[PDB]
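Q: Attaching a single structure in structure tokens format; questions to follow.
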Amino acid sequence: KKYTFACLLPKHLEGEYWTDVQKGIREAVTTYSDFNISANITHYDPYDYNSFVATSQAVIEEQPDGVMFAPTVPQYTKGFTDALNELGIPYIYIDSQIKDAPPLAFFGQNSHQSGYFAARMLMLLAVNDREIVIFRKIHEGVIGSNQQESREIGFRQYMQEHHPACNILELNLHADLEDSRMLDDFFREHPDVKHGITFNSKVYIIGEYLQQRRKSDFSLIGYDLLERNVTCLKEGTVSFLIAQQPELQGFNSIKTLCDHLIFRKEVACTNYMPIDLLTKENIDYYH
Amino acid sequence: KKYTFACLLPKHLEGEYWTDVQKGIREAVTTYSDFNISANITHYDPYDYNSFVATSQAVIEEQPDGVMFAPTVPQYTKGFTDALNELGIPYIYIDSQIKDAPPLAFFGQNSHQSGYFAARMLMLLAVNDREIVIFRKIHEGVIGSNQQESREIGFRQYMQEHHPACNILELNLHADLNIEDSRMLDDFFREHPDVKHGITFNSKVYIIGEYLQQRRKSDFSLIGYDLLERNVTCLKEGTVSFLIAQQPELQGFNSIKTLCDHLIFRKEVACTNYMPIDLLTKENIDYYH
Ligand code: NA
């Protein structure tokens with residue numbers, strides 16, 4: 001019988017952030033083909049905690065040899081991890097982690113440090129601005145991402161720490177809205193804000209909006225190398241993109257499971273991923 | 001018998017730039033121990049022609065299967081590369097390219113783009129600055145490094161395209177001294193009290209950074225290259241604002257790997273391997289690997 005590694009990740013469309021993590025998973029599968037391993041990828045609605053509970057219970061009943069997954073908020077993840085620990089099934093957290101429920105290994109960015117870093121870079125662009133804006137993506141009241149929330153916290157800590165006088169504005173766009181009207185009104189109400197940032201992976205939304213309205217007097221800092229994000233980076237609507245090597249996170253998760261289960265090797269638990277800064281001038285050599 | 005790859009690098013002290021490239025080479029040797037290969041590292045005097053010739057000749061006379069070589073003063077190398085081609089000994093360039101003498105493969109940054117990028121980052125720092133300064137350190141007059149010279153050209157191009165009004169000052173420190181580095185700096189900052197931002201293209205930015213630290217001067221920030229320990233310390237202390245890395249470990253590792261699969265695995269290999277232009281700050285340096 002083949003090895004089965006259950007991979008539980010957020011629902012998404014092809015080409016979005018999670019596409020790269022999955023390609024890393026598949027690359028790992030082929031690499032370890034001599035061991036006949038198999039990745040069974042299922043998804044959950046990151047905005048609906050019950051979706052995580054139902055799908056994670058399915059994973060549990062599939063009795064995989066190992067599991068890698070993006071945790072949702074703590075209290076809705078606890079039952080899953082407790083069950084896996086009780087069944088002796090090792091799990092790996094990716095993207096974010098739950099510190100009081102340690103896994104075999106964690107692969108993701110130090111969210112707080114990532115946010116702190118982002119603030120430092122943003123202040124470099126808006127050195128003497130009186131306000132900056134944080135764009136978010138919410139649905140059913142939640143932000144749907146521990147990392148997106150924890151990054152903002154680190155960000156805010158840096159701001160309160162180095163630029164307490166700079167006013168921080170927030171605009172919560174709707175996940176499955178029209179982002180355009182939201183933006184039109186935002187700029188009408190706040191016509192002098194020159195710089196903004198988002199902690200989700202869809203800064204292109206704001207970028208394309210500016211590109212279309214011929215607005216070149218506003219630049220964004222965003223996350224991840226989604227095709228559309230990079231286009232906005234090259235066009236100038238986005239000043240910097242922060243990457244976390246999603247492919248490597250996916251690959252290393254499977255490799256770690258293999259190392260632990262197959263090779264029976266010891267493995268490092270905490271694996272903070274880098275906080276890579278990309279600009280139009282260095283993106284082409286970034287791999 | 002065995003496979004022998006001669007690696008010719010500039011003499012240096014442990015902890016300088018090349019120490020990482022050497023670790024890379026070592027990691028590669030062990031990884032391919034199966035094919036029983038050995039990397040023979042020899043250091044050379046980069047500014048003593050007669051010396052360089054003697055060591056290079058010694059390398060050629062060792063009859064190596066392959067060679068990886070980091071060029072400093074290209075005008076002292078034609079004899080070496082002609083001899084390698086004549087003997088059918090494939091060679092790899094790292095860090096700097098020597099256009100009139102193409103190698104089997106090259107590993108290093110696209111110097112032009114690296115400098116262009118460096119300019120962008122410096123100007124984010126010196127937005128409204130009338131002048132900026134490039135810091136260099138020459139031996140026998142030469143700026144000994146095509147990568148360095150070329151980086152400077154890309155830097156000036158960006159400055160011409162974006163801040164043609166900004167004055168570009170230059171301060172040359174000398175290795176074949178008796179004019180001490182700190183004395184050069186005192187005169188410069190004395191005659192140029194207003195300059196607030198600077199940059200260097202060699203990997204010894206710590207010389208300027210530690211100077212500012214010991215003089216508790218905090219009204220000036222540098223942009224430098226490479227993750228030498230002294231560079232990182234200056235990065236963490238604030239004298240240096242940004243450091244640009246190029247993954248020296250991987251360049252050394254890849255050099256040997258390329259030689260192995262070319263000579264041993266009879267594989268095809270790309271000639272140009274442009275390394276990344278990584279930007280590091282105090283806030284992300286600890287998570288870079
Ligand atoms: Na969200």
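The chains in the structure tokens are called A, B, ... from first to last as shown; in each chain the residues are counted from 1, and the ligands are counted from 1 in the order shown.
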Let me see if you get this right: every residue at most 7 Å from ligand 1, counting only C-alpha atoms and all ligand atoms, written as number ranges by chain.

A: A: 136-138, 143-145, 148, 200

Q: Mind writing the picked residues with C-alpha atoms as a PDB file, in the first residue's frame?

A:
ATOM      1  CA  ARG A 136      -8.169  43.878   4.126  1.00  0.00           C
ATOM      2  CA  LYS A 137     -10.352  41.086   2.815  1.00  0.00           C
ATOM      3  CA  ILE A 138     -13.155  39.999   5.149  1.00  0.00           C
ATOM      4  CA  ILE A 143     -10.462  37.805   8.102  1.00  0.00           C
ATOM      5  CA  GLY A 144      -9.939  34.086   7.420  1.00  0.00           C
ATOM      6  CA  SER A 145      -6.191  33.908   8.049  1.00  0.00           C
ATOM      7  CA  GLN A 148      -2.996  38.058   7.798  1.00  0.00           C
ATOM      8  CA  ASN A 200      -3.506  39.258   2.106  1.00  0.00           C
TER       9      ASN A 200
END

Q: If you run DSSP on the backbone, which residues of range 38-184 of chain B are strand (DSSP E or B), as a PyMOL selection string?

A: chain B and resi 38-44+66-69+91-94+105-108+131-139+142+167-174

Q: Should the cut-off be 6 Å, what would the residue list for chain A against chain B look like, counting only C-alpha atoms, as number ranges by chain?

A: A: 117, 274-275, 281-282, 285-286

Q: With distances taken over only C-alpha atoms, which residue among B:102, B:198, B:24, B:10 lies nearest residue 253 in chain B?

A: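 Selected residue with least distance to residue 253 in chain B: B:24.
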
Q: For range 45-52 of chain B, list every protein, DNA or RNA residue within 7 Å, evaluated using only C-alpha atoms, and leave out those in the same chain fewer than 5 positions away; present the list as a ChimeraX atom specification.

A: /B:10-11,72-73,76

Q: Take the residues that were just selected and, keeping N, CA, C and O atoms, output them as a short mmCIF file (atom, residue, chain, number, x, y, z; two decimals), in the first residue's frame.

A:
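Once written, part_7.cif looks like this:
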data_model
loop_
_atom_site.label_atom_id
_atom_site.label_comp_id
_atom_site.auth_asym_id
_atom_site.auth_seq_id
_atom_site.Cartn_x
_atom_site.Cartn_y
_atom_site.Cartn_z
N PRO B 10 40.95 34.38 -4.57
CA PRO B 10 41.84 35.40 -4.01
C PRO B 10 42.18 35.10 -2.55
O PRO B 10 41.30 34.70 -1.77
N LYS B 11 43.44 35.29 -2.17
CA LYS B 11 43.84 35.07 -0.78
C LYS B 11 42.93 35.95 0.06
O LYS B 11 42.53 37.03 -0.37
N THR B 72 40.01 38.61 -10.51
CA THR B 72 40.09 39.90 -9.83
C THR B 72 40.59 40.89 -10.87
O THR B 72 39.82 41.74 -11.34
N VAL B 73 41.86 40.78 -11.24
CA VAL B 73 42.47 41.64 -12.26
C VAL B 73 42.48 40.81 -13.54
O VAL B 73 43.37 39.98 -13.75
N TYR B 76 45.61 40.00 -16.08
CA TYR B 76 46.70 39.11 -15.70
C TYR B 76 46.32 37.67 -16.06
O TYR B 76 47.11 36.76 -15.83
#

Q: Measure the distance from CA of residue 6 in chain A to CA of residue 68 in chain A in Å and round it to one decimal.

A: 6.5 Å

Q: Using only C-alpha atoms, which protein or nucleic acid residues come within 10 Å of residue 56 in chain B? Drop anything in the same chain fewer than 5 positions from it, and give the result as a tab-separated table (two decimals) with N, CA and C atoms, in the first residue's frame.

A:
chain	number	residue	atom	x	y	z
B	8	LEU	N	40.60	28.27	-7.89
B	8	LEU	CA	41.51	29.39	-7.67
B	8	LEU	C	40.75	30.62	-7.19
B	42	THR	N	43.42	26.72	-4.01
B	42	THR	CA	44.69	27.42	-3.90
B	42	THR	C	44.34	28.88	-3.96
B	43	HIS	N	45.03	29.68	-3.16
B	43	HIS	CA	44.79	31.11	-3.12
B	43	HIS	C	45.88	31.81	-3.89
B	44	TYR	N	45.53	32.96	-4.46
B	44	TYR	CA	46.49	33.70	-5.26
B	44	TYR	C	46.56	35.17	-4.89
B	50	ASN	N	53.46	38.50	-11.42
B	50	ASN	CA	54.43	37.43	-11.39
B	50	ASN	C	54.01	36.34	-10.41
B	51	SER	N	53.41	36.74	-9.29
B	51	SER	CA	52.96	35.78	-8.29
B	51	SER	C	51.78	34.98	-8.83
B	61	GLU	N	49.95	22.97	-13.98
B	61	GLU	CA	50.89	21.86	-13.88
B	61	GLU	C	50.42	20.73	-12.97
B	62	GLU	N	49.27	20.91	-12.33
B	62	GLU	CA	48.71	19.88	-11.47
B	62	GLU	C	47.82	18.98	-12.31
B	77	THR	N	45.13	37.48	-16.63
B	77	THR	CA	44.64	36.12	-16.91
B	77	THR	C	44.69	35.49	-18.30
B	79	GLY	N	46.93	34.52	-20.22
B	79	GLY	CA	47.82	33.38	-20.28
B	79	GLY	C	47.21	32.14	-19.64
B	80	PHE	N	46.54	32.33	-18.50
B	80	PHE	CA	45.93	31.23	-17.78
B	80	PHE	C	44.83	30.55	-18.58
B	81	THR	N	43.84	31.33	-19.01
B	81	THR	CA	42.72	30.82	-19.78
B	81	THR	C	43.12	30.25	-21.14
B	83	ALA	N	45.90	28.78	-21.75
B	83	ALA	CA	46.53	27.52	-21.41
B	83	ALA	C	45.49	26.46	-21.05

Q: With only C-alpha atoms as the atoms that count, which of A:85, A:270, A:38, A:22 lies nearest to residue 246 in chain A?

A: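 Of A:85, A:270, A:38, A:22, the one nearest residue 246 in chain A, counting only C-alpha atoms, is A:22.
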
Q: Between A:278, A:171, A:177, A:142, single out the one closest to residue 206 in chain A, counting only C-alpha atoms.

A: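 Smallest distance to residue 206 in chain A is found for A:171.
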
Q: Env of range 178-192 of chain A: 9 Å cut, atoms = only C-alpha atoms, seq-sep filter 3 positions within chain, self excluded. Answer as number ranges by chain.

A: A: 131, 171-175, 205-206, 209

Q: Could you pull the residues within 9 Å of residue 63 in chain B, counting only C-alpha atoms, minus those fewer than 3 positions along the same chain, as a PDB file with N, CA and C atoms, in the first residue's frame?

A:
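Writing the result to selection-v6.pdb gives the following:
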ATOM      1  N   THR B   4      39.808  15.676  -9.929  1.00  0.00           N
ATOM      2  CA  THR B   4      40.370  16.811  -9.210  1.00  0.00           C
ATOM      3  C   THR B   4      39.938  18.142  -9.815  1.00  0.00           C
ATOM      4  N   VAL B  59      48.882  25.490 -10.874  1.00  0.00           N
ATOM      5  CA  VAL B  59      47.569  24.867 -11.031  1.00  0.00           C
ATOM      6  C   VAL B  59      47.510  24.096 -12.339  1.00  0.00           C
ATOM      7  N   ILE B  60      47.935  24.742 -13.416  1.00  0.00           N
ATOM      8  CA  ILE B  60      47.937  24.102 -14.723  1.00  0.00           C
ATOM      9  C   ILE B  60      48.828  22.861 -14.682  1.00  0.00           C
ATOM     10  N   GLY B  66      39.044  19.805 -13.933  1.00  0.00           N
ATOM     11  CA  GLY B  66      38.257  21.007 -14.090  1.00  0.00           C
ATOM     12  C   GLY B  66      38.758  22.124 -13.199  1.00  0.00           C
ATOM     13  N   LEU B  87      44.759  23.098 -23.266  1.00  0.00           N
ATOM     14  CA  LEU B  87      44.854  21.775 -22.656  1.00  0.00           C
ATOM     15  C   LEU B  87      43.514  21.052 -22.608  1.00  0.00           C
ATOM     16  N   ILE B  89      41.049  21.860 -20.691  1.00  0.00           N
ATOM     17  CA  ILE B  89      40.592  21.827 -19.301  1.00  0.00           C
ATOM     18  C   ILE B  89      39.467  22.843 -19.120  1.00  0.00           C
TER      19      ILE B  89
END

Q: Enumerate as a PyMOL selection string all residues of range 150-249 of chain A assigned to helix (DSSP H, G or I) by DSSP on the backbone, naming them with the chain letters and numbers the document uses.

A: chain A and resi 150-162+179-189+204-212+227-235+246-249

Q: Could those residues be written to a file, using N, CA and C atoms, as a tab-separated table (two decimals), in the first residue's frame?

A:
chain	number	residue	atom	x	y	z
A	150	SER	N	-2.00	38.29	12.31
A	150	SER	CA	-0.77	38.45	13.08
A	150	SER	C	0.25	39.41	12.42
A	151	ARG	N	0.25	39.50	11.09
A	151	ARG	CA	1.17	40.41	10.40
A	151	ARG	C	0.79	41.86	10.72
A	152	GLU	N	-0.50	42.15	10.69
A	152	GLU	CA	-1.00	43.48	10.98
A	152	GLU	C	-0.62	43.91	12.40
A	153	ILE	N	-0.65	42.96	13.33
A	153	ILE	CA	-0.30	43.23	14.71
A	153	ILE	C	1.17	43.66	14.80
A	154	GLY	N	2.05	42.91	14.15
A	154	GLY	CA	3.46	43.24	14.16
A	154	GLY	C	3.63	44.59	13.49
A	155	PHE	N	2.89	44.80	12.41
A	155	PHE	CA	2.93	46.05	11.67
A	155	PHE	C	2.57	47.20	12.63
A	156	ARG	N	1.40	47.09	13.26
A	156	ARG	CA	0.95	48.12	14.19
A	156	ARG	C	1.93	48.36	15.32
A	157	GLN	N	2.62	47.31	15.78
A	157	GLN	CA	3.58	47.49	16.86
A	157	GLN	C	4.74	48.37	16.41
A	158	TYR	N	5.19	48.17	15.17
A	158	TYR	CA	6.28	48.97	14.63
A	158	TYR	C	5.82	50.42	14.51
A	159	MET	N	4.61	50.62	13.98
A	159	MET	CA	4.08	51.96	13.79
A	159	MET	C	3.96	52.74	15.10
A	160	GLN	N	3.40	52.10	16.12
A	160	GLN	CA	3.23	52.74	17.42
A	160	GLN	C	4.60	53.04	18.02
A	161	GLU	N	5.56	52.20	17.66
A	161	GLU	CA	6.92	52.28	18.15
A	161	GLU	C	7.85	53.32	17.50
A	162	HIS	N	7.67	53.56	16.20
A	162	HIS	CA	8.53	54.49	15.47
A	162	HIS	C	7.80	55.68	14.86
A	179	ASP	N	-15.43	45.53	-5.23
A	179	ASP	CA	-14.31	46.22	-4.60
A	179	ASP	C	-14.17	47.65	-5.12
A	180	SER	N	-14.56	47.86	-6.37
A	180	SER	CA	-14.47	49.18	-7.01
A	180	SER	C	-15.23	50.31	-6.32
A	181	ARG	N	-16.49	50.09	-5.96
A	181	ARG	CA	-17.26	51.14	-5.30
A	181	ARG	C	-16.64	51.43	-3.94
A	182	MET	N	-16.21	50.37	-3.26
A	182	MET	CA	-15.57	50.51	-1.95
A	182	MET	C	-14.39	51.45	-2.09
A	183	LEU	N	-13.55	51.17	-3.09
A	183	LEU	CA	-12.37	51.97	-3.35
A	183	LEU	C	-12.72	53.40	-3.79
A	184	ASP	N	-13.67	53.54	-4.71
A	184	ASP	CA	-14.07	54.87	-5.17
A	184	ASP	C	-14.43	55.76	-3.98
A	185	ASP	N	-15.28	55.25	-3.10
A	185	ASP	CA	-15.69	56.00	-1.92
A	185	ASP	C	-14.54	56.24	-0.97
A	186	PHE	N	-13.66	55.26	-0.81
A	186	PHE	CA	-12.53	55.42	0.09
A	186	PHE	C	-11.66	56.61	-0.31
A	187	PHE	N	-11.34	56.69	-1.60
A	187	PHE	CA	-10.51	57.78	-2.07
A	187	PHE	C	-11.23	59.11	-2.11
A	188	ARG	N	-12.55	59.07	-2.22
A	188	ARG	CA	-13.34	60.29	-2.23
A	188	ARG	C	-13.24	60.87	-0.81
A	189	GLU	N	-13.43	60.00	0.18
A	189	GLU	CA	-13.37	60.39	1.59
A	189	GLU	C	-11.95	60.75	2.03
A	204	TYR	N	-3.14	43.10	-6.00
A	204	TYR	CA	-3.45	43.44	-7.38
A	204	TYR	C	-4.80	44.10	-7.52
A	205	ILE	N	-5.74	43.72	-6.66
A	205	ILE	CA	-7.08	44.29	-6.68
A	205	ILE	C	-6.99	45.80	-6.61
A	206	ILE	N	-6.21	46.29	-5.65
A	206	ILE	CA	-6.02	47.73	-5.47
A	206	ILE	C	-5.14	48.27	-6.60
A	207	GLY	N	-4.17	47.47	-7.02
A	207	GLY	CA	-3.26	47.89	-8.07
A	207	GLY	C	-3.93	48.11	-9.41
A	208	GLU	N	-4.74	47.14	-9.83
A	208	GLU	CA	-5.44	47.24	-11.09
A	208	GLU	C	-6.44	48.40	-11.05
A	209	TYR	N	-7.04	48.62	-9.88
A	209	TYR	CA	-8.00	49.71	-9.70
A	209	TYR	C	-7.34	51.06	-9.99
A	210	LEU	N	-6.10	51.21	-9.53
A	210	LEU	CA	-5.35	52.45	-9.73
A	210	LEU	C	-4.92	52.56	-11.20
A	211	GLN	N	-4.47	51.44	-11.76
A	211	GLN	CA	-4.02	51.39	-13.14
A	211	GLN	C	-5.13	51.82	-14.10
A	212	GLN	N	-6.35	51.35	-13.84
A	212	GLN	CA	-7.48	51.69	-14.69
A	212	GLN	C	-7.93	53.14	-14.55
A	227	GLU	N	0.69	36.20	-10.28
A	227	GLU	CA	0.93	36.80	-11.58
A	227	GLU	C	0.46	38.24	-11.61
A	228	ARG	N	-0.81	38.47	-11.29
A	228	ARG	CA	-1.35	39.82	-11.30
A	228	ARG	C	-0.62	40.77	-10.34
A	229	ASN	N	-0.14	40.25	-9.21
A	229	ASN	CA	0.60	41.10	-8.27
A	229	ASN	C	1.87	41.60	-8.93
A	230	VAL	N	2.62	40.67	-9.54
A	230	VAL	CA	3.88	40.98	-10.21
A	230	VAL	C	3.69	41.96	-11.36
A	231	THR	N	2.58	41.84	-12.08
A	231	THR	CA	2.29	42.75	-13.17
A	231	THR	C	2.15	44.16	-12.59
A	232	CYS	N	1.47	44.28	-11.45
A	232	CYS	CA	1.29	45.59	-10.81
A	232	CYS	C	2.63	46.11	-10.31
A	233	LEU	N	3.52	45.20	-9.93
A	233	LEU	CA	4.85	45.58	-9.47
A	233	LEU	C	5.64	46.16	-10.64
A	234	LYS	N	5.58	45.48	-11.79
A	234	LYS	CA	6.29	45.95	-12.97
A	234	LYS	C	5.66	47.22	-13.55
A	235	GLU	N	4.35	47.38	-13.38
A	235	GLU	CA	3.69	48.57	-13.91
A	235	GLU	C	3.85	49.76	-12.99
A	246	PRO	N	6.20	29.89	-1.21
A	246	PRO	CA	5.12	28.92	-1.04
A	246	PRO	C	5.47	27.52	-1.56
A	247	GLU	N	6.14	27.45	-2.71
A	247	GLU	CA	6.52	26.15	-3.27
A	247	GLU	C	7.37	25.35	-2.29
A	248	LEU	N	8.34	26.01	-1.66
A	248	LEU	CA	9.23	25.36	-0.72
A	248	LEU	C	8.49	24.90	0.53
A	249	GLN	N	7.51	25.68	0.96
A	249	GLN	CA	6.70	25.30	2.11
A	249	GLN	C	5.97	24.00	1.82

Q: For range 174-188 of chain B, work out the shell of residues within 6 Å, counting only C-alpha atoms and skipping chain neighbours fewer than 3 positions away, then give it as a PyMOL selection string.

A: chain B and resi 137-139+191-192
